[PDB]
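First comes one chain, alone, set out as structure tokens in the form solved without its partner chain.
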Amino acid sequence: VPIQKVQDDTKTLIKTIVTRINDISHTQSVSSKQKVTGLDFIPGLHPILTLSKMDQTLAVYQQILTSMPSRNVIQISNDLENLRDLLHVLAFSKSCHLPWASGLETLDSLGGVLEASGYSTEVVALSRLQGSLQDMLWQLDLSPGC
């Protein structure tokens, strides 16, 4: 299938996945209930990553999301797979072949980004995962390399 068909489903998927984050992110008021965020900071930056890094970002976030006994963020973990599915078929139409991320490749190489500083609240993982998802969409119009 053409890249444009893959992107059509990826555009709506990312925009729909982020809606679940936004729905529980509606309570991230200024110093109201956004407590236990480790140190009131966002060490999960939103830089320019490639299709290979995009799949890996969802794989490594799953290793932190598993530690979150909150149906709100767990139901979202299954929706991340749907983005990655198209992402693998996307690079195929670009003559590029990316490796399927296992999950447990950089659990510790990334776990230090958060320091596990009371990372048990939804707002925290959601504040990181929110733009992490949208950070795959704009990227398809920037530089979706492999």
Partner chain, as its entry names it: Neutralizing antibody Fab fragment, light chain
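Residue numbers count along the first chain shown, from 1.
If you look for the form deposited with its partner chain bound, you will not find it shown, but the lines that follow are about it.
Q: Does any part of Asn78 reach within 4.5 Å of its partner chain in the bound PDB entry? Heavy atoms only, please.
A: Yes, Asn78 sits close enough to its partner chain in the bound PDB entry that at least one of its heavy atoms falls within 4.5 Å.
Q: Within a 4.5 Å heavy atom cut-off, is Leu137 in contact with its partner chain in the bound PDB entry?
A: Looking in the bound PDB entry, residue contacts with its partner chain do not include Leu137, since no heavy atom lies within 4.5 Å.
Q: With the partner left out here, check for me: in the bound PDB entry, does some heavy atom of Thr16 sit within 4.5 Å of its partner chain?
A: Contact check for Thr16: yes, within 4.5 Å of its partner chain in the bound PDB entry.
Q: For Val1, is any heavy atom within 4.5 Å of its partner chain in the bound PDB entry, or not?
A: Contact with its partner chain, yes.
Q: Indicate whether the candidate residues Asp9, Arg20 and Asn82 are all in contact with its partner chain in the bound PDB entry, with contact defined as any heavy atom within 4.5 Å.
A: Yes: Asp9, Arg20 and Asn82 each sit within 4.5 Å of its partner chain in the bound PDB entry.
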